[PDB]
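Peer 1: Sharing a structure with you now.
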Amino acid sequence: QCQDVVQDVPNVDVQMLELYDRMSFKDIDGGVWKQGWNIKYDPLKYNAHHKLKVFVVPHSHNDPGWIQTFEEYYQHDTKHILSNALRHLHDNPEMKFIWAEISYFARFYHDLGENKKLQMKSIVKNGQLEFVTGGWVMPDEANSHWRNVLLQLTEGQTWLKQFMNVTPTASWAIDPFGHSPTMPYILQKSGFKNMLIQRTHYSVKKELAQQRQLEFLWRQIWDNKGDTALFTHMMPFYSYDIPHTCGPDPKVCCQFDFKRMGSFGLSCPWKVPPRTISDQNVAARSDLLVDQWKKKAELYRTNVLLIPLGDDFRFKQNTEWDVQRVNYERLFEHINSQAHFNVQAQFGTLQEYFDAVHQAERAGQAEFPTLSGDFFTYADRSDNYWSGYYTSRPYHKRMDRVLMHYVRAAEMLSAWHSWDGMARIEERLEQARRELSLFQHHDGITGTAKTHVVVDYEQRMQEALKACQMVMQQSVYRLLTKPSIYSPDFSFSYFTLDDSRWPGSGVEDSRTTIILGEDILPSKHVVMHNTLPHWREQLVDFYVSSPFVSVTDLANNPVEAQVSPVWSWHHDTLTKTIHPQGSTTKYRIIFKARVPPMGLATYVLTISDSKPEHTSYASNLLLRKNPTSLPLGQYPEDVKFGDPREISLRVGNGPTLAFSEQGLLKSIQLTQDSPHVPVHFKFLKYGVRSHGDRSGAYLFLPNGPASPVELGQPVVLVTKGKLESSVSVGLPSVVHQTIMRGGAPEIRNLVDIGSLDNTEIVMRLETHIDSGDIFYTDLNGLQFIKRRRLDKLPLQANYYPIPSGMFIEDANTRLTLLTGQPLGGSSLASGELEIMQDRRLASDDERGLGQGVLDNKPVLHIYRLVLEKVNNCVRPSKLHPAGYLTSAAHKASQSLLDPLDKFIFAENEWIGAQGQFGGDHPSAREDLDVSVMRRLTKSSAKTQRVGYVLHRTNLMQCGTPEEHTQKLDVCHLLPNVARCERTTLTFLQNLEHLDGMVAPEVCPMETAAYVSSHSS
Ligand SMILES: C[S@@](=O)[C@@H]1[C@@H](N)[C@@H](O)[C@@H](O)[C@H]1O
Ligand SMILES: [Zn+2]
């Protein structure tokens, strides 16, 4: 049955948390291999019957945006690289090349004439040009959500299967800044057999090299059996460039980068240039090179050696192809013919390397260690930890999550039908998937690109959001209009999306007001979509032009509602205060929407001349010295004023929250009789070093622990309502808001770091939870991994990615902070959680970007804060490397990442309107998600195919009795099912033909993909 992911600690040879606990981290000079040691080998190890097989693998690292935009690099560099690769490989049958970034390859191939397309297919089919990974990009592994890692992998691999007829089974990830086990998780479930990584902490490379544990079977941290394992090769040296890939001495290896002799504007910083290989020097040069290779080979277990040959945007000039190829050919001819070397060297591909390694393994020549854990936080040298990019450009980090959800919702809503080509659904969805996929690049979501490139990514994502809205609104119109009345124009806007949290209040006034009035329009239909496969209730809000509005469902049942003012915060350069202004012309109506699994529900907002029976009005209290009036147009309740004071609020039966006089949480009381548990929010700032290394887009190099932000006497606004209450405070750089709807609070920070150069703003939580040095952070929204703060490491090393959540706990109490955006964070002392909000850095951090981070813009960060009693929960043992969310924390995370979508009907009357869609959809167990629903066929296909990715998380058992729930069989969601197949996660290979056309549900922590086929 299902593996138990909680109670069995996997036995692995290397467990990265346990390795970290024992390892030294001292940064000692190792000699020519600066972060290693002087490698020694026995010359007699290799002989006539046991040769060293060396694969030199040419490559060219092509960033889809970094210092130039995607299109700029394509025009200036990549189109020439690919064009010359085509010519040289065609003309030189033994030459090889690997290619990773399918975004560029697709951009290129579609501009090729048919003759060149045929030539390209021929060098792929014959194995000279080999795709590695085959994702749209080589994604970041820290900030990226697993759903988008899968999206981009699928976008590239679908392209490759369609046009090149190949599916890579070896992955190549040489540049992401640290590595996540989410990659082997997804890859192994997408048909992969091998992967390669590079950017791991120098101390880890040294430690694994010493034990020859650089090749390992990487399994998930909870995986006791090992079925998730994927063979992984970690490169041993500081870089993937040529000086750091031939062997341990870059002064020697640089001499074998033949692009460094002068005419290309490159040189060797170790001051010895390459020399052209000739008959007079080939024996000497070969001796030097083979010595490097044999040293590198000492670090690995087989007689097969991988020698990458490339660097950033290499293999551009024709003369470069010639100078690398001809010189290496001379070396190979000499080396291979000289028996005393006992080497056979050739150009190869990545798959060739791995195939040969496994042949050696099968021959009993090596056994490989098992490993679990991750490879964060990376440092490339000294104390230069790359934790800055966990937060850099947080506006776009938040936008990634918004677009993530919009892509899912647009693909799901439109999947229910086949669409005529004229509707352009496929075109708009392809654009949206491609722009989101592009952003997963390790200079996109990471915030490590130049300012103008960040703008290009933002513009692309904005177009993607527009494409999603277009598809979603056409889909809603079709799903909720009587079929014999449905009369689409595919260019028309039937609904517009209303999104309360993006870009967010104080970021952009983008929200439409619903305009009602007795002399213009009495009522308006709104529709909510629920992408999750269970019935869901959530409060939703709309802006309306009158406070006297009531809500009904589409059986005309009254729905309880609350009206609140529209508050906006302003930095008053007159009074030098940050304070709220109330609209006199628009108001917020809030009500609970209840929506079917993967479904839609329609409500109606109707104006009246006086207070409606089922609508209540919030009270408002402005706490500040020297108040002035706050009129609210027609709003029926007068604003109250007071001097700053502590206050307490409770919505529904939910927790009671107490706040300081500065408007920051101080305690949470779960129930009437329970204790007020200290939980204190605080804002602090980190600075930058005046001496030595400066923080920049990649590096976090604080000048000591953070200092409290001086708050002064901030203005605090308290809104108290039956359905929703909140406390908001205008702090320097942050409007901080705590919202209560009757369960775990929502936190929203409108963060505007303004002109505070060399400042990183952090939000900290201080509690009495006896967490010690332990805390938990997630990896890619997929899993929670145990972290241990280590005082042998500097502060910035104890920062980890917080892509979706983090928690601390003791025997009795847990505090979980869920996020709607990836940010960096830590627990720097027992009982603390902290998460960086934004950072503004005046200096470059010497990794090639050539700028600081001075392009900040206001961003609305969102969170849920979940305090829970956990003494009754069945948790993993002390030695287990994983943690797991509770039901409430998981639901809270879903509320941030996949909220209900809200649609406002755009014209006066919707003829043929329907009340609901999806009422008959199964309401699946709470731990199960339909992560993806995507129709895979266009309308002309006789057999329609729809793909589903199902993910089951693992939630802690804490004694809440399990309810019923319906089995979800995705293969029967659409009618006329003719076949149901389990597939790889990319949908590209059929793995199992399913009995009865029934797709089984998956085990905890497992993800599966199914494709249903339908006669049409
Ligand atoms: C961290 S820089 O070395 C890295 C470059 N290799 C380039 O590929 C881009 O990704 C940049 O961030
Ligand atoms: Zn790169």
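What you see of chain A is 93-1108, where the numbers are those given in Swiss-Prot.
If you're wondering, the header gives X-ray crystallography, 1.4 Å.
Each residue, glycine too, has its Cβ placed from N, Cα and C.
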Peer 1: Please state which member of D267, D414, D664 Swiss-Prot lists alongside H153, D155, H534 for binding Zn(2+).
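Peer 2: That Zn(2+) site, as Swiss-Prot gives it, pairs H153, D155, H534 with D267.
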Peer 1: Would you mind reading off the Cα separation of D155 (Zn(2+) binding site) from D267 (active site, nucleophile), to the nearest angstrom?
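Peer 2: It is 10 Å, counting Cα to Cα.
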Peer 1: Looking only at C-alpha atoms, tell me how far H153 (Zn(2+) binding site) is from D267 (active site, nucleophile), rounded to the nearest Å.
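Peer 2: Spelling it out, the Cα of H153 (Zn(2+) binding site) and the Cα of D267 (active site, nucleophile) are 8 Å apart.
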Peer 1: Taking the recorded Zn(2+) site as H153, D155, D267, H534, identify the other residues of that chain whose CB atom sits within 8 Å of the mean position of the site's CB atoms, giving them in sequence order.
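Peer 2: Counting only non-site residues, the set is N154, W158, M230, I266, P268, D404, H533, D535.
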Peer 1: Across all protein chains in the structure, which of the recorded positions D155, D267 has the highest Cβ count within 10 Å?
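Peer 2: Result for the most crowded candidate: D155.
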Peer 1: Could you tally the C-beta atoms, other than its own, that fall within 10 angstroms of the C-beta of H534 (Zn(2+) binding site)?
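Peer 2: So the Cβ neighbour count for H534 (Zn(2+) binding site) comes to 26.
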Peer 1: Whole-number Å only: compute the distance from the Cα of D267 (active site, nucleophile) to the Cα of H534 (Zn(2+) binding site).
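Peer 2: Cα-Cα distance, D267 (active site, nucleophile) to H534 (Zn(2+) binding site): 7 Å.
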